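Take a look at the structure tokens below, where one protein chain is shown in two forms, each on its own, as structure 1 and structure 2.
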Structure 1
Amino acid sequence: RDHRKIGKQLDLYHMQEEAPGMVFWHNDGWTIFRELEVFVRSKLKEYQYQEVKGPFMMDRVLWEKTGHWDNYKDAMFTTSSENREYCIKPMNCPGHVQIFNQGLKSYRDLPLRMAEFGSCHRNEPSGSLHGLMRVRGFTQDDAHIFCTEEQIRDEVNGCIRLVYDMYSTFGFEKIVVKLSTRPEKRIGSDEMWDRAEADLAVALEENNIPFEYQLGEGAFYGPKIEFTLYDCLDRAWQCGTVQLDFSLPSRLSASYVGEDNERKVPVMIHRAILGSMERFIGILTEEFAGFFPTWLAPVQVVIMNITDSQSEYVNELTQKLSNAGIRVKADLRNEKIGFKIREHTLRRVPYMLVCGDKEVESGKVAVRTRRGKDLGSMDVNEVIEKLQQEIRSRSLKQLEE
């Protein structure tokens, strides 16, 4: 169930030697990506996350202040303009702090949850690249929560709930979790690390989450919980993650007015639920073997004619399903119906509607599924409602299965 082969077969994306680890999302792959963004946005609205967009690059001075220049230099791409040096962002956190720093903040504004579908670039060693799982340019479903020390428990709990809730939609209910502790190269005192590692360990146990400690694998700025999903070859991939940061806000001069009217430095929780769109889509492609649930399917329905005689009927139904919000395409090619059906079956199109003369003068449609099931003759409005229901509920199963 190699996602790279499936990606080619379903025309989802491609990569080239001229852009190692740089993904070209084709129309169908991009549709999946966009549906995942819609899903993430829907889930975050529930938590009142703001959504922002930060700059693609920032001055070297900024990255020196955060600690990235000294602890993350090899992974960063650099460029220049007018003798000024810039780093293309490998993370979205610094930009989020810059936004937080605009306008006086008070304890009343916390917790402040700031999300971004942030494009990150990291100069990963070429030999470590692997399909969509490890690339050089990727988009994270990122967010940073600015809060008080007393709010850490609840905010970390909120991130954890988000992970399990969102993962359950895809059928993932068996997650291997790691707590990666202080790395050799790091910022912050040992006292700070003791406190942060403890906070995360307690959060995991309070949630009855079995986890394994992982020596020296934390971020340079804080310990991290890793939510692990496996690929077809049983290789572990870090997808969701939660990190506790007591260093970056101070380094970037972030503060707020406490209730005691004194200036305080907020705590920052970093988290990505899916991880990156690229990696998560890679995992989903292998998990479903290309049979994406209807809500995620690039093309949900294909309508085919037998001969040019049903073309008009097919075009009418196509526009009708399209107006109903279904991703539909008409296949009016001069090919045998069995040839068309095989093609769309291989493309994993959830539903196929066949229209012969009988369907045209009946006003109905013959329905088939990509699993080869013959659903017989159905009413057009009936198929539309059933599809809309399957889509709205983001169901893992198709009609009658």
Structure 2
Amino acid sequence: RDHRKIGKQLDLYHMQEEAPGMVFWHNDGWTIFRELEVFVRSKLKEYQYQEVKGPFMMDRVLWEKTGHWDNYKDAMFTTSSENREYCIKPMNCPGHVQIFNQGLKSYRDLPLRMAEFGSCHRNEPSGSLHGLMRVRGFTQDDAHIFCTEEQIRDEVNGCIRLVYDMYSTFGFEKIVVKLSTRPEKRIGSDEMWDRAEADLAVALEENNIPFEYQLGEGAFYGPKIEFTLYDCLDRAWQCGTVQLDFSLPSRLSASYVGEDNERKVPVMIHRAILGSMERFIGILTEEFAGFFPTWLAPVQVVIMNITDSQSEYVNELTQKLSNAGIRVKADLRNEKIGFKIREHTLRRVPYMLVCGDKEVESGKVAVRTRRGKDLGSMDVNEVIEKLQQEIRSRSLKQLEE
């Protein structure tokens, strides 16, 4: 259950000194990352989020208008062009405000939900770098909600539901919650936080979610809720965050005309469910011990022949599953069937279809799982239907288990 070892055995990715903390995603590891994105996007559509994409660098001047330069200066990568300094973005927040600032906004537009899978970089100390868990280049399932204070509570409940919704898909049911409160050095009236923290606590209650407080550990711009997952070895992983922000929209001159024909500054919610996706893949790799559920498996099916006499039939079936949207590969090597099955099992390929003369004659396939299960012979289309259903529902378990 070490993701670094598994990542090498399954040829998912690799790292090297020429790019500390920046993942070289191989075909198979990138397939998992892309399927995660597909999954998140399905939630974006469901919970009604826009998806945008911001540039990787912006003038040091704009970053200074946020405050990110005092708190993050030491973690930002800077570069330049024609005598102007630019910072490689360490977060997507400012960029999303720039998008909001384009076009007159009114209460009729709020709540405005803006998501993005945009890579960020932080010049983390090389010594603290570790596999997919602590990196310099990372992509969070980031989003920002611009709303009025009268919408906050409903928005937080929206994020709450999404959290448990996504976590349950990967089998994570044990979730600990912590609501960090007002720190000594903050930006806002004690009155403000009273309402802010109230919103967070009431929202957690409307969902019956026990929680503890991390007194004085909120950000200077607002209180927050963090969700910590527990994997099968009972290890905790903080991944979810719902951060209220009462100072960023103001510093970047964001505003809208309220129903009271006046000009107000929207409230900004920062939320991420999985957190760093590179890290999340590392957590799942260890949680599944490399046995990724079929919807995430780099290669879902390998079809193999006994002798080069079923080769033609194997290719035929490989095209069918492929056209069916299944990640399938044909193993026509000159190796014994047991050698092939052993290899694909070690690679954790969910299903293996064996094709001997018997299967060719009947137009069926002998089905086996990576768990050593004999699933009998099946018609090609029965297999395809069963697999599409397992993939579509993102089922954690295979056929028969």
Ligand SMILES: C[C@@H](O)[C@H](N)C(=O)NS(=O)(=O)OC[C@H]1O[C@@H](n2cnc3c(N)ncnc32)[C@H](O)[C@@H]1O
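Quick note, the numbers are simply positions in structure 1, starting from 1. Whichever C-alpha set is largest while still superposing within 1.5 Å between the two forms counts as the rigid core.
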Q.
Can you tell me whether structure 1 or structure 2 is the form deposited with the ligand bound?
A. 1
Q) Rigid-part split between the two structures: do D245 and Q319 share a side? A) yes
Q: May I ask you to give the angle in ° that the smaller rigid part rotates through, relative to the larger, between the two structures?
A: 15
Q) Taking the rigid core as the frame of reference, how far in Å is the Cα of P223 displaced between the two structures? A) 3.4
Q) Cα shift of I160 between the two structures after core superposition, in Å? A) 1.2
Q) Once the rigid core is matched, what's the CA displacement of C232 between the two structures in angstrom? A) 8.0
